[PDB]
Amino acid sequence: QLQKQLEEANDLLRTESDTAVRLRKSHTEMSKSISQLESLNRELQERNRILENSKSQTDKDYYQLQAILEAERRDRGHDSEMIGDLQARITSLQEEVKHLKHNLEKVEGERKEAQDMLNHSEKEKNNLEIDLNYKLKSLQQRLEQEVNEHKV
């Protein structure tokens, strides 16, 4: 009868106030978890902020070494210009040497011919002087030998 109807509402009202205790326990554990998670996510957010700046710093250091590389290259470039100009100057000097040598030779040849002509002129003139000297004296001797023939 009703004794079986209240013995039911008994077991039911029990499990209800029972599972209400379990829900309250459920909810105090989820309060505790979401609070520890809010304090953890705060940490991961900060390690990330740090990572980011870290990576951005690594970038700057890379770029900075590139800038140094591109300056080196700019200098190695001036060395190649310089080497090029020394080589060109060398080439020019060499052909100048060649040319001057060839001129030396030629002028040296012309000096020789000149000296040959000079020598011949001097010898020819010398022969003349030697000849005239003896012959003129030979005239003066022949006249002397007549004068002195009758000197008493």
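The first residue of the shown sequence is 1; numbering continues from there.
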- Note on the structure: When mean C-alpha B-factors in the record are compared for 126-134 and 9-17, the larger belongs to 9-17
- Higher average CA B factor in the deposited record is what I'm after, so tell me if that's 42-50 or 96-104. 42-50
- Identity of residue with top Cα B-factor, from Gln57, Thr28, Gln87, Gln64: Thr28
- Top Cα B factor in the deposited entry, candidates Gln36, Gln115, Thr91, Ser121: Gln36
